[PDB]
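The next block holds one structure in the form of structure tokens; read it before the comments.
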Amino acid sequence: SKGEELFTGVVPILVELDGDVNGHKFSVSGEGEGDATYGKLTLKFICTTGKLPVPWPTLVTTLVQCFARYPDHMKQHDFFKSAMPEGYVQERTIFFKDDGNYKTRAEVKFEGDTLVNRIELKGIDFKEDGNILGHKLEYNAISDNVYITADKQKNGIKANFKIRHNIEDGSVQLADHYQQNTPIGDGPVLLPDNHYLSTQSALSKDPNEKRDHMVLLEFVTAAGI
């Protein structure tokens with residue numbers, strides 16, 4: 001509720017990612033706004049180092065679940081906002097089926113009035129001609145359910161989910177996600193019962209933008225209780 005009060009209005013968001021995938025180094029910067037009352041995020045990301053060496057859709061999940069709309073009856077299950085303003089560390093491993101993996105570490109916290117997501121991504125064991133390094137994925141929305149459970153031993157949560165990315169030939173590239181979040185501060189946080197976040201992300205382009213970029217409109221809602 002201390003943390004939850006920080007999200008009653010529209011909050012500006014900043015995202016900064018430093019990445020290395022099979023030795024291809026890159027940086028992405030993002031800005032936008034989130035409105036947790038509606039579970040709504042609007043963001044624009046730019047590759048600041050030039051051309052992105054992987055498909056934008058593969059970075060969506062990595063590039064602020066504190067903006068999830070938790071129904072009133074599930075408010076005692078919102079770990080993410082309860083960690084604020086000091087924040088949380090989000091770590092993932094993302095296994096691309098028949099290809100490489102991403103490992104990510106992010107810190108999500110407030111800097112003044114701004115919610116900041118600072119990320120390091122490391123990708124290894126990708127195939128030069130695979131769907132990822134070969135840029136064979138469609139620039140398509142992604143939607144799925146993030147399954148959350150408590151992790152008492154680290155005073156945090158774990159999550160797992162699958163994203164099925166459409167491939168240009170009509171097939172699918174599976175990305176299996178394994179997630180862990182832990183608070184940065186030492187204050188109390190809400191450890192939830194099992195539930196999920198229903199998440200939909202729509203991907204678009206800015207017609208006047210010449211840099212490599214992605215525009216995102218996302219809706220995230222807690223459910224399953």
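Going by the structure tokens order, chains are called A, B, ..., each with residues numbered from 1, while ligands are numbered from 1 in the order shown.
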
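The protein and nucleic acid residues lying at most 7 Å from segment 74-80 of chain A are residues 65, 66, 70, 71, 83, 189, 190, 191, 192 and 193 of chain A, with only C-alpha atoms considered and sequence neighbours fewer than 3 positions away removed.
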
File dump, residues just selected, N, CA and C atoms, as a compact mmCIF listing (two decimals), in the first residue's frame:
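Listing of result-v5.txt after writing:
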```txt
# COMPACT_ATOMS: atom_id res chain seq x y z
N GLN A 65 6.65 -5.20 -14.61
CA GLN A 65 5.40 -5.85 -14.22
C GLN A 65 4.73 -5.18 -13.00
N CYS A 66 5.42 -4.21 -12.40
CA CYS A 66 4.80 -3.33 -11.41
C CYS A 66 3.63 -2.52 -11.98
N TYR A 70 -3.84 -5.15 -10.79
CA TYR A 70 -4.32 -6.19 -9.88
C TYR A 70 -5.75 -5.83 -9.48
N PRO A 71 -6.72 -6.70 -9.77
CA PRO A 71 -8.09 -6.47 -9.27
C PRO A 71 -8.08 -6.19 -7.77
N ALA A 83 7.44 -3.84 -3.47
CA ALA A 83 8.89 -3.67 -3.41
C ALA A 83 9.34 -2.24 -3.61
N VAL A 189 7.54 -7.17 1.97
CA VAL A 189 6.93 -7.26 0.65
C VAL A 189 5.83 -8.30 0.70
N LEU A 190 4.91 -8.22 -0.26
CA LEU A 190 3.81 -9.17 -0.34
C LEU A 190 4.23 -10.41 -1.11
N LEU A 191 4.16 -11.57 -0.45
CA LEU A 191 4.45 -12.83 -1.12
C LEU A 191 3.13 -13.45 -1.53
N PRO A 192 2.94 -13.66 -2.84
CA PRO A 192 1.62 -14.02 -3.32
C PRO A 192 1.30 -15.52 -3.30
N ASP A 193 0.01 -15.84 -3.27
CA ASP A 193 -0.47 -17.13 -3.72
C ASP A 193 -0.30 -17.22 -5.24
```

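For residue 180 of chain A, the non-local neighbours within 7 Å, defined as residues at least 6 positions apart in the same chain or in other chains and counting only C-alpha atoms, are residues 90, 91, 92, 157, 158 and 159 of chain A.
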
Output file for the residues above (N, CA, C and O atoms, as a tab-separated table (two decimals), in the first residue's frame):
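Listed below is the output, part37.tsv:
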```tsv
chain	number	residue	atom	x	y	z
A	90	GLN	N	15.14	-8.39	-11.22
A	90	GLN	CA	14.46	-9.38	-12.04
A	90	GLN	C	15.54	-10.09	-12.85
A	90	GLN	O	16.31	-9.44	-13.58
A	91	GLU	N	15.60	-11.40	-12.71
A	91	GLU	CA	16.51	-12.21	-13.50
A	91	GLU	C	15.73	-13.21	-14.31
A	91	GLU	O	14.71	-13.73	-13.84
A	92	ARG	N	16.19	-13.47	-15.54
A	92	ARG	CA	15.60	-14.50	-16.36
A	92	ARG	C	16.64	-15.31	-17.09
A	92	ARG	O	17.73	-14.83	-17.38
A	157	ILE	N	9.64	-13.87	-5.66
A	157	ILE	CA	8.79	-14.70	-6.48
A	157	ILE	C	9.57	-15.35	-7.61
A	157	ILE	O	10.68	-14.94	-7.89
A	158	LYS	N	8.96	-16.35	-8.23
A	158	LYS	CA	9.42	-16.98	-9.45
A	158	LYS	C	8.26	-16.96	-10.42
A	158	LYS	O	7.09	-16.89	-10.03
A	159	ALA	N	8.58	-17.00	-11.70
A	159	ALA	CA	7.59	-17.10	-12.73
A	159	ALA	C	8.11	-17.96	-13.87
A	159	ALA	O	9.32	-18.11	-14.06
```

Find the residues near segment 209-215 of chain A: any atom within 6 Å, counting only C-alpha atoms, skip ones fewer than 3 places away on the same chain, and give them as a ChimeraX atom specification. /A:43-47,51,203-206

Which is closest to residue 219 of chain A among A:82, A:194, A:149, A:42, if we use only C-alpha atoms?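 Closest to residue 219 of chain A of all the choices is A:42.
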
Taking only chain A into account, list the residues labelled strand (DSSP E or B) by DSSP (computed from the backbone), as a VMD selection string. chain A and resid 11 to 21 24 to 35 40 to 47 69 88 to 96 101 to 111 114 to 124 137 142 to 151 156 to 167 172 to 183 195 to 204 213 to 223

Contact residues around residue 125 of chain A with only C-alpha atoms at 7 Å, ignoring same-chain residues under 5 positions, as an MDAnalysis selection string: chainID A and resid 22 99:101

Neighbours of residue 176 of chain A within 6 Å (only C-alpha atoms; same-chain residues fewer than 6 positions away dropped), as a PyMOL selection string? chain A and resi 94-95+162

Next, the residues of the selection above should be written as a CSV table (one decimal), in the first residue's frame with C-alpha atoms.
```
chain,number,residue,atom,x,y,z
A,94,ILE,CA,15.1,-17.5,-21.8
A,95,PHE,CA,15.6,-20.7,-23.7
A,162,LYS,CA,6.3,-19.6,-22.9
```
